[PDB]
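# Understanding the architecture of this molecule
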Amino acid sequence: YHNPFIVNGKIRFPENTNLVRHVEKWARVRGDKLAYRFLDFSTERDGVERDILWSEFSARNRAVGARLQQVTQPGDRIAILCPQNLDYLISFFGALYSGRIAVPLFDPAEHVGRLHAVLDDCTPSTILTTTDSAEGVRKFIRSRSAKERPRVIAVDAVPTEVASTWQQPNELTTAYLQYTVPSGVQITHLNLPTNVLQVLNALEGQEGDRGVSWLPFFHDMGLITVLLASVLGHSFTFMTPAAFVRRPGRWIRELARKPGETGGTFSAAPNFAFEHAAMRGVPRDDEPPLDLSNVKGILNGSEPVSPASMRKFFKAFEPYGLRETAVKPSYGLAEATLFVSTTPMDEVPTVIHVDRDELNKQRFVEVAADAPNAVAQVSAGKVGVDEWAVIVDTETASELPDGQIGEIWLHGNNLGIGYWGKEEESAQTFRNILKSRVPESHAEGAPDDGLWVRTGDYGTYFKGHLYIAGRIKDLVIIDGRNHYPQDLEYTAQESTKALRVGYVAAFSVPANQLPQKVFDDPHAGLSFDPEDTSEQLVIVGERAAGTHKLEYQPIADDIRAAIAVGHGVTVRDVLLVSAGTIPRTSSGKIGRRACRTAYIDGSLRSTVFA
């Protein structure tokens, strides 16, 4: 493989490098070629193709950019309250073209409050949207104070001719804010082209390849995936998240080889989507032939990878030509722009099993899958070019040996420079020194006195692979002992056919804050004590399809028994709720914190991704 900007395992960018200059290049040399295609399934079930060429795309970007340069101040934040479509990307790029700070968000007409919180946090001067969504955005804004009702610009209403007045706008300055109290990661103009190149390098993307996505643009995985188009001038075809949730086969269809297509396709998705597409994305017998032999890589990340959903997904689409080397477990986060590691392209996913007891003690000890206390661990592959991941003992700020679990710390030009307006949090997360290394350091090549970024994730290196144990703050600590929630959740899943796959939440609540319902239940084994504050294990799970008539107690008993025998901890409460009731993040992950909150205030007992 070869890339001009990569020489001897190092990214070599020309000076004054940013995504804006990259798009302008393709507008000149690949002008008449497809840049982005929006598959619109709003009215037509078959989908309406909305295309824009690199030439057209550049002109729109320069038109919006010029308009922003005329009515905004340098350093202003430009909020993008837009539905998923071409004008969203024109808004995002338009903001970048202007030299101002972009803030990719969502349409208020589709949380409205979360949107208020972010606006409070970064106080944008201007909001970019479409004509059709304009009135709804205005309606949202007038419910805000008069302090500044940020001006609203319908980007599609900005004439292309305005581009003539555009002025070309530094690497270390913030290009945009990536919001995940809300936190906005400051992504610089160097971060953006750096990380997409790291992706392109790991994918080994050829010239005739193309990309497909349904991920929401307001999510880091959704934004960077489609921004990947700017690296090599590849086309990318996208749809809305809603379109995928209702008809997952659309994703599969768009991935499949079109007539005459000799190149390969690339995509990305969270774990739950592999579960969804495996069950509902298989084409019906009355549908046309489906050829997935062109699919090169479908990256699987943003949440713990299920070996079961991975197996089901591959088995389901194998008869249509999907190679076992197509699905790629990957790791990343917003602080690193997006991409940190992925499974090598010529390899099938690596799955191992480790001892649970050792695992809760921050140790990897490999065991057979048949072993009674084995926990599956899916490798996240190799770290990208010119970035580094190390496993660190947070108390000593020192590198740990392979097989021992510590916090993953990161270094590289794709890593952000802070959280917007958060001095203390920024310092703690982004200003760290690696005090000691091991003899065969995974930091080798990184500057000894360079700053490292704390991910908040436990991980380890094992036999050449990076593993993501879990998220530190999501640990379930009971009686001075550690439990990984996805481990508990999997045991709870597999103990019964009554739980919906991927819709179980394990967390702890202090005893005094447990609801009276728990104490009424003799299976709970607890008596109310107003000053007992010890953490108690709670499991919340959605009922599987067609199981609404199944009785509660055998389900709760099975879960409780399995967790007791497998993890040596007692579940105090099992709460079975209807499908879609468990809180979910903006990208579709399970929100354990919101679920925990919703459990305590009793809202639980009484999102696009439905």
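Just above, that's the structure.
Below is a short write-up of the structure.

## Topic: the overall build of the chain
In terms of regular secondary structure, the chain is built from 18 helices and 30 strands. A compact globule built from 610 residues should have a C-alpha radius of gyration of about 25 Å, and the chain, at 24 Å, falls within 12% of that. When its C-alpha atoms are laid out on the principal axes, the chain stretches across 75 × 60 × 55 Å.

## Some thoughts on the nonpolar core
Counting 136 residues, the largest nonpolar core has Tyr 36, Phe 92, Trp 214, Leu 227, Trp 251 and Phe 313 as its most contacted members. Counting residues per element, this core draws most heavily on helix α3 (residues 86-98), which supplies 9 residues. For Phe 92, the contacting residues outside a window of four places in its chain are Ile 80, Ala 102, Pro 104, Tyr 176, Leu 192, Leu 223 and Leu 227.

## Describing the sheet that holds strand β29 (residues 535-543)
Pairing between the strands of a sheet is mediated by backbone hydrogen bonds and can be parallel or antiparallel. One open sheet accounts for 3 strands, arranged β28-β29-β30; its pairing is mixed. The sheet terminates laterally at β28 (499-510) and β30 (571-577), the two strands that pair on one side only. If you compare each strand with its neighbour and ignore which way they point, the axes differ by 20° on average. Strands β28 and β29 of the sheet are contacted by helix α15 (residues 485-494), whose axis makes an angle of about 130° with β28.

## Some points on the pairing of strand β18 (residues 374-378)
In terms of burial, β18 is largely enclosed, as 4 of its 5 residues are buried. Both strand β17 (residues 351-355) and β18 contribute to a ladder of 5 bridges, which runs antiparallel. Paired with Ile 352 across the two strands is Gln 377, which belongs to β18.

## A few points about the pattern of salt bridges
One pass over the structure, following the stated rule, counts 28 salt bridges. Salt-bridge contacts for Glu 49 lead to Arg 37; the nearest nitrogen and oxygen are separated by 3.6 Å. Within this pair, whereas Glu 49 is found in strand β4 (residues 48-53), its partner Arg 37 is found in strand β3 (residues 34-40), the two being separated by 12 residues in sequence. Classification of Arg 37 by relative accessible area gives buried; the value is 16%. Among the salt bridges present, the one from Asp 209 reaches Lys 296, with a minimum N-O distance of 3.0 Å. Of this pair, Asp 209 sits in the loop between α6 (191-203) and β11 (210-213) while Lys 296 sits in strand β14 (residues 295-300), and the two are 87 residues apart along the sequence. When its relative accessible area of 6% is taken as the criterion, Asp 209 is described as buried.

## A closer look at the sheet that holds strand β13 (residues 265-269)
Read from one edge of the open sheet, 9 strands run β4-β3-β12-β11-β13-β14-β15-β16-β19, paired in mixed fashion. The strands lining the two open edges of the sheet, one partner per strand, are β4 and β19 (382-383). Bridge count for β3 against β4 is 6 bridges, and the pairing is antiparallel. Its bridge partner lying in β4, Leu 39 is registered against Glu 49. Across the face of the sheet, helix α2 (residues 54-71) comes into contact with β3 and β4 while running at roughly 75° to β4.

## A few points about the packing of helix α11 (residues 271-280) against helix α12 (residues 307-317)
Two elements in contact, α11 and α12, have axes separated by 8 Å at closest approach and are oriented at 40°. Handedness of the α11/α12 crossing: left-handed. Residue-level contacts link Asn 271, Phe 274, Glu 275, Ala 277, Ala 278 and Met 279 of α11 to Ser 309, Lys 312, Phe 313, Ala 316 and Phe 317 of α12. Broken down by class, the residue content of the contact of α11 with α12 amounts to 7 nonpolar, 2 polar and 2 charged.

## Points about the environment of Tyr 176
Within the fold, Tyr 176 resides in strand β9 (residues 174-179). Not counting residues up to four positions away in its chain, the partners in contact with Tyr 176 are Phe 92, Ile 101, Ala 102, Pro 104, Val 185, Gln 186, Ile 187, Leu 192, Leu 223, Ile 224 and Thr 337.

## Notes on the pairing of β29
With respect to burial, β29 is a largely interior element, 8 of its 9 residues being buried. When β29 meets β30, the two strands line up parallel, connected through 6 bridges. Across the sheet, the residue bridging to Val 540 is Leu 575, located in β30. For the crossover that starts at β29, traverses helix α17 (residues 552-567) and ends in the parallel β30, the hand is right-handed.

## Quick word on the environment of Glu 444
Within the element layout of this structure, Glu 444 appears in the loop between β23 (432-433) and β24 (451-462). Not counting the four nearest positions on each side in its chain, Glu 444 is found in contact with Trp 388 and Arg 437.

## Points about the packing of aromatic side chains
Per the stated rule, a full pass over the model turns up 25 aromatic pairs. Between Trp 251 and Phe 274, the ring centres sit 6.1 Å apart and the planes meet at 80°, which makes this aromatic pair edge-to-face. Note that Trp 251 is positioned in helix α10 (residues 249-255) and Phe 274 in helix α11, a separation of 23 residues in sequence. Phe 274 carries the same exposure label as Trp 251, and that label is buried. Linked through ring pairs, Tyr 36, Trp 54, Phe 57, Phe 92, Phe 93 and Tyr 176 together constitute an aromatic cluster. We note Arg 250 situated over the ring of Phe 41; from NZ or CZ to the ring centre the distance is 4.0 Å. When the ring centre of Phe 272 is taken as origin, the NZ or CZ atom of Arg 584, which lies over that ring, is 4.8 Å away.

## Quick word on the state of the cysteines
The final tally for this structure, using the stated rule, is 0 disulfides. Unpaired in terms of disulfides, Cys 82 finds its nearest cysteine sulfur in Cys 122, a separation of 16 Å. Looking at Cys 122, the relative accessible area reads 0%, which means it is buried.

## Considering unusual backbone geometry
Trans peptide bonds make up the majority, and among non-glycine residues the majority have a negative phi. With a phi close to 50°, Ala 397 is a non-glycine residue in the positive phi region. Within the fold, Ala 397 resides in the loop between β20 (387-393) and β21 (398-399). Of note in this structure, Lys 463 is not a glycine but carries a positive phi near 55°. By the secondary structure assignment, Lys 463 is in the loop between β24 and β25 (465-471).

## Some thoughts on the side chain of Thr 188
Among the structural elements, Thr 188 can be located in strand β10 (residues 184-188). Contacts of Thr 188, omitting those with residues within four sequence positions, involve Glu 171, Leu 172, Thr 173, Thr 174, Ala 175 and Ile 417.

Thresholds applied
- Residues numbered from 1 in each chain as written, not as in the entry; some residues may be left out.
- Heavy atoms only, no water.
- Residues with missing side-chain atoms left out of burial classes, pairs and counts.
- Helix = DSSP H or I, 4+ residues; strand = E, 2+ residues; numbered from the N terminus.
- Rg over C-alpha atoms; globule rule 2.2 N^0.38 Å.
- Core = buried A, V, L, I, M, F, W, Y, C linked by side-chain atoms within 4.5 Å.
- Buried < 20%, exposed > 50% of the residue type's maximum accessible area, 1.4 Å probe, protein only.
- Contact = heavy atoms within 4.5 Å.
- Pairing = 2+ DSSP bridges.
- Axes fitted to C-alpha atoms, helices over the stretch in contact; angles between N-to-C directions.
- Salt bridge = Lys/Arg side-chain N within 4 Å of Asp/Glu carboxyl O.
- Left-handed = near helix turned anticlockwise from the far one by under 90°.
- Nonpolar A, V, L, I, M, F, W, Y, C, P; charged D, E, K, R; others polar.
- Right-handed = clockwise from strand over helix to strand, strands pointing away.
- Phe/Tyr/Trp six-rings, centres within 6.5 Å; stacked < 30°, edge-to-face > 60°.
- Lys NZ or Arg CZ within 6 Å of the ring centre and 35° of its normal.
- Disulfide = S-S within 2.5 Å.

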